[PDB]
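Here is what each chain is made of, one letter per residue.
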Amino acid sequence: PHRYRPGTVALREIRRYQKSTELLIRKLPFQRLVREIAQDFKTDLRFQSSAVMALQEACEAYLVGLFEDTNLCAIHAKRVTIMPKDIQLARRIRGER
Amino acid sequence: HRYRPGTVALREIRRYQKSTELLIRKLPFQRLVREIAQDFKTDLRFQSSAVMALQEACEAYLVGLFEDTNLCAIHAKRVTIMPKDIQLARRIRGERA
Amino acid sequence: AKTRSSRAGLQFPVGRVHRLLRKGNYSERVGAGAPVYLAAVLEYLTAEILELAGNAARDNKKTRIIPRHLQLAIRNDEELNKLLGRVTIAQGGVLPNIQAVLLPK
Amino acid sequence: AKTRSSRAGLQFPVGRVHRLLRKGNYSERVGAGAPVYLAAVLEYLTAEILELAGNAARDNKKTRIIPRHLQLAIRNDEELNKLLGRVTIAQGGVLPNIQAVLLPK
Amino acid sequence: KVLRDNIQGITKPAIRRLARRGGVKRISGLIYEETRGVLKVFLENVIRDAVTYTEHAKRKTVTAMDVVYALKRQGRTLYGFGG
Amino acid sequence: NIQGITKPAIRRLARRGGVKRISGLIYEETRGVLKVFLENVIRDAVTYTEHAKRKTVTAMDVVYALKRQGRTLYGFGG
Amino acid sequence: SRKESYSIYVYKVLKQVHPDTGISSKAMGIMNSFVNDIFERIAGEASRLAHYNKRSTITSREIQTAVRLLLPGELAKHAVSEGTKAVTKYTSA
Amino acid sequence: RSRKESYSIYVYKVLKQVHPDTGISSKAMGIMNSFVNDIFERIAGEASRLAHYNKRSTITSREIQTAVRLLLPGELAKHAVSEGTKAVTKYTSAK
DNA sequence: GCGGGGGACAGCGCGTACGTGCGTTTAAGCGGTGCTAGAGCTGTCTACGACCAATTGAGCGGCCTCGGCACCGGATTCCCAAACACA
DNA sequence: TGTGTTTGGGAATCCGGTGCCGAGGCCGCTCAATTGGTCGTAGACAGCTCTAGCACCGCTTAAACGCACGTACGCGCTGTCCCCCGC
């Protein structure tokens, strides 16, 4: 029939998403996650919709930057697959805890 | 006789992490700071404590940079630090574009 | 009565910047030339970014500037990138960039 | 005449903190309890660091605290380490730390 | 209703999409959980501050301005939501 | 004049960082980075001095120049 | 309640730069945020300089020093040039 | 002869409270002075921001408490708030 | 400056885990309705903090002392790197 | 041919003497904190409006999930060659 080689569609998806701007996390599950996290600090908290939007924007930006640094670390290790140790190294160097 | 290679490296690592004094010769660093400052304003004078502060800050910065470089080198499954490790650490830290 | 911005040849509001400086508790007193200088600097930076963003928008056959264009303008200019380095832009995306290792031989 | 610090049961100078708040252009007005609360917080933080640093000094058979002991106290306490993370301490040194990979088999 | 175990709403394809936006070509299988950890931590750090800023103002509602202010307090300023 | 930062000095700085083995090309890189850092600090320090009508760079100017980059330094009158 | 923005000034500047290009509302929000952020950076640095020189007024000199501290090389050069030009013109008239 | 301001004597009093048979070198006293000034400025600046944010003109103990919660890590913030509230309680209870 | 040994880098194999694709399932997204908690604004009046003149003692500069710490030498100990024992 | 234990021997550590200089204490002074009192207003409180956040429902379809299948990348192993390390 027809089947593309491994990694061709990966590059195609890289070009499509690095070219677009739309948010890559589903909005409703993220809203639920935010609410359930904030439930641990004060009960019965309401949120402006734009507050959750700002939180999602910030989280996606943070994760994209983190994935860039993870990919750099992985390439530095002569690998192509990113691994959790790459994430741990990137956050360790970045100064996060 | 002869020490096993790398053993004296470890001994000096312990020796220098145990201590606290400055690891750069004071007078070459003072000459370098004065030389650098000559490009910004001419005929400047430095209090000794000013040069001491600059030396302490620079040494701390370089030690932190070498910590990150060591992390990068271990990540690539090496023991020797290479200029690529410094560049990767500085790039992740956000200093190098 | 001619406004301070007109007398200084600017488009940013000198009087408003002066008011914000006074009502911002930066110091007890504010000189006359401080708001003029600050307005000139702000106008210059805004003009630079709008230049670059308009160029980027025209590069995409777009006649309006959107946050994506601002992000491309900022991230492509190295001194602007240094200035706005710790800043994330909503709906901005990232620069198209693929490591040469990941590309096929 | 009893001092404000005495009336609050503190050893840090409440009056001095109040003076610095007024003469620091933080706000137009300063409440009565603000210097007391701030002095209490500074005293508590100083007490924590002096606790940890005294312990570290006694760990080296030393009866005086030197910058090395303060540095070890800060870097060994995780919440202090988070607080003073971007801070470098003159004559402080670093924590003894060698990666487990570098040790010989 | 109680809100429980919503971290699984960050699905594997969403994490892959985020990695694609980051220029990543191959993703290990253990990445997805690690990411859900990292994200959960980031959120806890941001929300704790936003909630604090809301408590101080006596309000029962977290506004977008509190989130922006918490972010810039973490040195991670955000453009486009006021302020 | 950057050469005053000798090979053994950089070796010691790396040793304090926990580095066991150092390549031969590290030194010219390290010198470069350090020089850049110094220029970025000294520039600001000098700017504070020139603003203060002074001709002497004081340790306080250096402390504020370091705090500028988020490199807060304790122990010099800060 | 009244609201404060730099929308109209940014639009005027853009028309001065690219006379046939418009701008979204979202991009105007971002430009307003950027102008504010830079304003606070400069004003805070100038206030710092003033209080650490035991000096009580914010003059154009404080703004200029703050600009050198905040802006990168060529940007700081040109911004200082524009600020000096504006102060000279303002005081001449 | 200028006027110099420091916290040497108060830091020494706190040290005598904590570790009575323990002294502090002059370099360490300078570091502790720097730390105290740094923390004071951090807390005061955050409190000033909070006072401004709420379009508010006064810095009260509430702003200091909120700034302490914002800056210090969790357990440290909890103990710091306990100590500060205890101190203000004692200060206002007496007269 | 020199001898050398370990580590970096090259080449190969293999095996399983990750990418691609297909069909099924699920819940996200959109719209539409309704309710009410709470955000935002306004008027009052009151307690609380700024300002000022007078008092005074707490803190700061200056001197002086001695003990904690630095330094030196001598003895103790602690890894190490061969090195041969012996299976 | 290989696994394992032991010793001279440099290197870090402990201990005692000693001496020296800064930390801790004491005194005289002064200036900044404290007291008491006046006065203005910042904000705490009540109270009122209206919006925008929450809960729900139904429907469509796009995305997530499970699974089959194959290959290509990670990782282990071997070799060599050279370039940092120890002196």
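As summarised from the PDB record, the model derives from cryo-EM at a stated resolution of 4.6 Å.

You'll find chain E entered in the PDB entry as Histone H4, with Homo sapiens given as the organism. The record for the entry shows the title "RNA polymerase II transcribing a chromatosome (type II)". The record held by UniProt for chain E lists under Sequence similarities the comment "Belongs to the histone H4 family."

Going by what the PDB entry lists, chain A is known as Histone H3.1 and is assigned to Homo sapiens.

Caption draft 1: A look at the overall build of chain E. Scanning chain E from N- to C-terminus turns up three helices and three strands. Sequence-ordered secondary structure for chain E, helices as α and strands as β, is α-β-α-β-α-β. A globule of 83 residues ought to have a C-alpha radius of gyration of about 12 Å, yet chain E, at 16 Å, is considerably larger. Within chain E, buried positions represent 55% of all 83 residues. For chain E, long-range pairs separated by at least 24 residues make up 31% of all intrachain contacts whose partners lie at least 6 apart in sequence. Accessible area of chain E: about 3,500 Å², with a carbon and sulfur share of 51%. Put simply, chain E has 18 plus and 7 minus side-chain charges, and the middle of one group is 8 Å from the middle of the other.

Caption draft 2: Representation of the overall build of chain A. The number of helices and strands found in chain A is four helices and two strands. In chain A, the succession of α and β elements from N to C terminus is α-α-β-α-β-α. For chain A, the C-alpha radius of gyration of 17 Å lies well beyond 13 Å, the compact-globule estimate for 97 residues. For the C-alpha atoms alone, the extent of chain A along its principal axes is close to 50 × 40 × 20 Å. Residues classed as buried in chain A amount to 52% of the 97 residues present. Look at the contacts in chain A between residues 6 or more apart in sequence, and 41% of them connect residues 24 or more apart. Only carbon and sulfur atoms are counted for the fraction: they give 49% of the accessible area of chain A, which is about 5,100 Å². Chain A carries 19 positive and 11 negative side-chain charges, and their two centres are separated by 6 Å.

Caption draft 3: Structural context of the packing of helix 3 (residues 49-76) of chain A against helix 4 (residues 84-94) of chain A. Residues and elements named next belong to chain A. At their nearest, the axes of helix 3 and helix 4 sit 8 Å apart, and the two run at 110° to each other. Between helix 3 and helix 4, the angle is such that the two are roughly perpendicular. Two secondary-structure elements touch here, helix 3 through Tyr-62, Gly-65, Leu-66, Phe-67, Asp-69, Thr-70, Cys-73 and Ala-74 and helix 4 through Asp-86, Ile-87, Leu-89, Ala-90, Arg-91 and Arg-94. Each residue belonging to the contact of helix 3 with helix 4 can be placed in one class, and the counts come to eight nonpolar, two polar and four charged.

Caption draft 4: Structural detail: the protein's contact with DNA strand I. Taken together, 48 residues lie around DNA strand I, and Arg32(A), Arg4(B), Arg22(D), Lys60(E) and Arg3(H) are the ones closest in. Each atom of DNA strand I within 4 Å of the protein was classed as base or backbone; sugar and phosphate made up 97%. Within the backbone of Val30(D), a nitrogen or oxygen atom sits 2.6 Å from a phosphate oxygen of DNA strand I. A distance of 3.3 Å is found between a phosphate oxygen of DNA strand I and a side-chain nitrogen or oxygen belonging to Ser1(G).

Caption draft 5: Spotlight on the interface of chain C and chain G. Each partner contributes to the interface: chain C provides 54 residues, whereas chain G provides 56 residues. Between chain C and chain G lies a buried interface of about 4,900 Å² when both sides are counted; carbon and sulfur atoms form 72% of it. Between the two partners, chain C and chain G, sit one salt bridge. With a shortest N-O distance of 2.5 Å, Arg16(C) and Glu4(G) are connected by a salt bridge. The tally of links between chain C and chain G comes to 16 residue pairs in polar contact. When residues of the side of chain C that touches chain G are traced back to their parent elements, those giving at least two are helix 1 (4-8), helix 2 (14-22), strand 1 (29-30), helix 3 (33-59), strand 2 (64-65), helix 4 (67-76) and helix 5 (78-83) of chain C.

Caption draft 6: Structural context of the nonpolar core. If you look at the biggest cluster of nonpolar residues, it comprises 65 residues, and the most contacted ones within it are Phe12(D), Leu21(D), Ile65(D) and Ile64(H). At the level of elements, helix 2 (14-22), helix 3 (33-58), helix 4 (67-76) and helix 5 (78-83) of chain D together with helix 1 (8-18), helix 2 (26-53), helix 3 (61-71) and helix 4 (74-93) of chain H are the ones that each hand at least two residues to this core. Discounting residues that sit within four places of it in the chain, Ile64(H) has contacts with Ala34(D), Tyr37(D), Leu38(D), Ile43(H), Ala47(H) and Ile59(H). With 64 residues, the next largest nonpolar core counts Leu10(C), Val14(C), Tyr26(C) and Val67(G) among its residues.

Caption draft 7: Fine view of the interface of chain B and chain A. Each partner contributes to the interface: chain B provides 15 residues, whereas chain A provides 16 residues. With both sides pooled, the region where chain B packs onto chain A buries about 1,300 Å², and carbon together with sulfur makes up 64% of that total. Together, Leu71(B), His75(B) and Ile92(B) form the three largest contributors to the area buried by chain B at its contact with chain A, with a combined 49%. The tally of links between chain B and chain A comes to zero salt bridges. Counting the contacts that link chain B with chain A gives three residue pairs in polar contact. Listed by contribution, the elements that provide at least two residues to the side of chain B that touches chain A are helix 3 (48-75) and helix 4 (83-93) of chain B.

Caption draft 8: Structural context of the packing of helix 2 of chain C against helix 3 of chain C. Residue and element names in this part refer to chain C. For the pair helix 2 and helix 3, interaxial distance at closest approach is 8 Å and the crossing angle is 115°. With respect to each other, helix 2 and helix 3 are oriented roughly perpendicular. Handedness of the helix 2/helix 3 crossing: right-handed. The segment helix 2 lies against helix 3, with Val-14, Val-17, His-18 and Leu-21 engaging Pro-35, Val-36, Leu-38 and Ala-39. Its residues assigned to classes, the contact of helix 2 with helix 3 comprises seven nonpolar, one polar and no charged.

Caption draft 9: Molecular detail of the environment of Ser34(H). Here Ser34(H) lies in helix 2. For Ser34(H), a relative accessible area of 5% gives the class buried. Setting aside anything within four residues of it in sequence, one finds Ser34(H) in contact with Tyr74(F), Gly75(F), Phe76(F) and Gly78(F).

Caption draft 10: Spotlight on the pattern of salt bridges. Residues and elements named next belong to chain F. By the definition in use, this model includes 23 salt bridges over all chains. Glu-28 serves as the salt-bridge partner of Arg-31, at 3.0 Å between the closest nitrogen and oxygen. Taken together, the residues span about one helical turn, with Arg-31 and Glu-28 both in helix 2 (residues 26-51) at a distance of three residues. Looking at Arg-31, the relative accessible area reads 10%, which means it is buried.

Caption draft 11: Fine view of a positive patch on the surface. Residues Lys41(B), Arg45(B), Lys53(F), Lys55(F), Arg61(G), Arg68(G) and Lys77(G) make up a contiguous surface patch of positive charge. Along the chain, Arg68(G) turns up in helix 3 (residues 60-70). Owing to a relative accessible area of 35%, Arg68(G) belongs among the partly exposed residues under this scheme.

Caption draft 12: Inspection of the packing of aromatic side chains at higher detail. Taken as a whole and judged by the stated rule, the model has 12 aromatic pairs over all chains. Both rings, one in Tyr53(E) and one in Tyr53(H), keep their centres 6.0 Å apart while their planes meet at 70°; by these two values the pair is edge-to-face. Taken together, the positions of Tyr53(E) in helix 2 (residues 31-56) and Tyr53(H) in helix 2 put the pair across two chains. Classification of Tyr53(E) by relative accessible area gives buried; the value is 5%. One aromatic cluster is present, built from ring pairs that chain together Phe12(C), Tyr6(G) and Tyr9(G). For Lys12(E), the ring lying beneath its charged end belongs to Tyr32(E), and the centroid distance is 5.7 Å.

Definitions and cut-offs
- Residues numbered from 1 in each chain as written, not as in the entry; some residues may be left out.
- Chains lettered and ligands numbered in written order.
- Part of a larger assembly, values for the part shown.
- Heavy atoms only, no water.
- UniProt positions renumbered as here; feature names shortened; annotations may be inferred.
- Helix = DSSP H or I, 4+ residues; strand = E, 2+ residues; numbered from the N terminus.
- Rg over C-alpha atoms; globule rule 2.2 N^0.38 Å.
- Buried < 20%, exposed > 50% of the residue type's maximum accessible area, 1.4 Å probe, protein only.
- Contact = heavy atoms within 4.5 Å.
- Areas by Shrake-Rupley, 256 points an atom, 1.4 Å probe, with all protein chains shown as cover.
- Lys, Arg positive; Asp, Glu negative; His and termini not counted.
- Charge placed at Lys NZ, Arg CZ, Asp CG, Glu CD.
- Axes fitted to C-alpha atoms, helices over the stretch in contact; angles between N-to-C directions.
- Parallel < 35°, antiparallel > 145°, perpendicular 65-115°, else oblique.
- Nonpolar A, V, L, I, M, F, W, Y, C, P; charged D, E, K, R; others polar.
- Near = heavy atom within 4 Å.
- Polar contact = N/O pair within 3.5 Å; in protein donor to acceptor, adjacent residues only side chain to side chain.
- Buried area = accessible area lost by both parts, 1.4 Å probe.
- Salt bridge = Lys/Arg side-chain N within 4 Å of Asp/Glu carboxyl O.
- Core = buried A, V, L, I, M, F, W, Y, C linked by side-chain atoms within 4.5 Å.
- Left-handed = near helix turned anticlockwise from the far one by under 90°.
- Patch = residues over 30% accessible without salt bridge, like charges linked within 9 Å, V, L, I, M, F, W, Y side chains within 5 Å.
- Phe/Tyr/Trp six-rings, centres within 6.5 Å; stacked < 30°, edge-to-face > 60°.
- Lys NZ or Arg CZ within 6 Å of the ring centre and 35° of its normal.

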